[PDB]
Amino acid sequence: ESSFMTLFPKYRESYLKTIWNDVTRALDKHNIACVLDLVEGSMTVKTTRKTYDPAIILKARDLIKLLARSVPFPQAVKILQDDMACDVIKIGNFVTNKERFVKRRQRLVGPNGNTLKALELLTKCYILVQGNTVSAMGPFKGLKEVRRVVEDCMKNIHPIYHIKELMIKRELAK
């Protein structure tokens, strides 16, 4: 029986604790079991003897992952759909400094989150910045673009060039 687990920070516990009933329900339509350990502080999903397509566990592995990094449930469970893809991009190991990482991340989201939104509208993806991760959700190509933009942004490459390039690409597709 296949099984995947993930750890979640304490400040998320509460939220998960009140939405978990939905989670299992959403998982129950695939006969996938799930357990919220409040001692270990972890979420775990696993297959059963009644799982029709075991492959879906991979999707179920993504779900809780997204849940662990503050992705809202109604947005998170879309991963169970066949077409949806996801990508958790770690951004903590690009900068040795502390408050430089803050600067560059800030530049990734930008003023009023605008640039982020722009990114979201050009790659056609959901994006959420949280702590040392950037959780992305959508089409594979768009996810590749998001990963390029984010990773380059953490290496002190300004996202304006990427946004302009994506803009031109969007305009060429008409």
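All residue numbers are counted from 1 along the displayed sequence.
As the entry records it, the average C-alpha temperature factor is higher for 140 to 148, out of 25 to 33 and 140 to 148. As listed in the deposited structure, the average C-alpha B-factor of 98 to 106 and of 81 to 89 is greater for 98 to 106.
Which of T48, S42, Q130, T115 has the largest Cα B-factor in the deposited entry comes down to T48. Placement of the Cα temperature factor of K17 within the chain: lowest third of the modelled residues, per the deposited record. For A55, the recorded CA B-factor ranks within the highest third of the chain. Only modelled residues enter the ranking. Among the modelled residues of its chain, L121 has a C-alpha B-factor that falls in the lowest third, as given in the PDB entry. The entry lists a Cα temperature factor for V134 that places it in the middle third of the chain's modelled residues.
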